[PDB]
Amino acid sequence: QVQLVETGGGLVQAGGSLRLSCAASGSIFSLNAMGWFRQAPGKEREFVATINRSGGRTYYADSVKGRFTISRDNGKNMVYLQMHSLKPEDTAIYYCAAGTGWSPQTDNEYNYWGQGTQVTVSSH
């Protein structure tokens, strides 16, 4: 199997930016879907972004449509999520998940999840 470890999180200001790095256990090659998911306090786990196996296709949620950019490096077994123009409504635990490629915008086709990392965007 394969497990994941999320890093790159921390505390940031309201307007700034930060990128989250997802480290994979085994070779991420041949894995069709690599998605990022988040769960805000008091809310449900929602979809953020998926990336193709080769990286040529992506999907984003409407709330973060033109503000986040997902990328992957199949040679380094790494997934990234560059977060720009942050909003106080983006405070959540960010989870990195491995998928099968089918229905990449839902969590029902992801069987290998990560520990998650806290990204707190304060209004101060």
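The numbering used is simple: start at 1 and walk along the sequence shown.
Peer 1: Got a sec? Mean C-alpha B-factor, which is higher, 110 to 118 or 9 to 17?
Peer 2: Of 110 to 118 and 9 to 17, the stretch with the higher C-alpha B-factor average is 9 to 17.
Peer 1: State which stretch shows the higher mean Cα B factor in the entry: 81 to 89 or 44 to 52.
Peer 2: The stretch with the larger average C-alpha B-factor is 81 to 89.
Peer 1: Is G66 in the lowest, middle or highest third of its chain when residues are ranked by C-alpha B-factor?
Peer 2: Answer is highest: the recorded C-alpha B-factor places it there.
Peer 1: Using only modelled residues of the chain, where does the Cα B factor of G99 rank: lowest third, middle third or highest third?
Peer 2: It falls in the bottom third of the chain.
Peer 1: Name the third of the chain's ranked CA B-factors that contains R72, choosing lowest, middle or highest.
Peer 2: For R72, whose C-alpha B-factor we compare with every modelled residue in the chain, the answer is the middle third.
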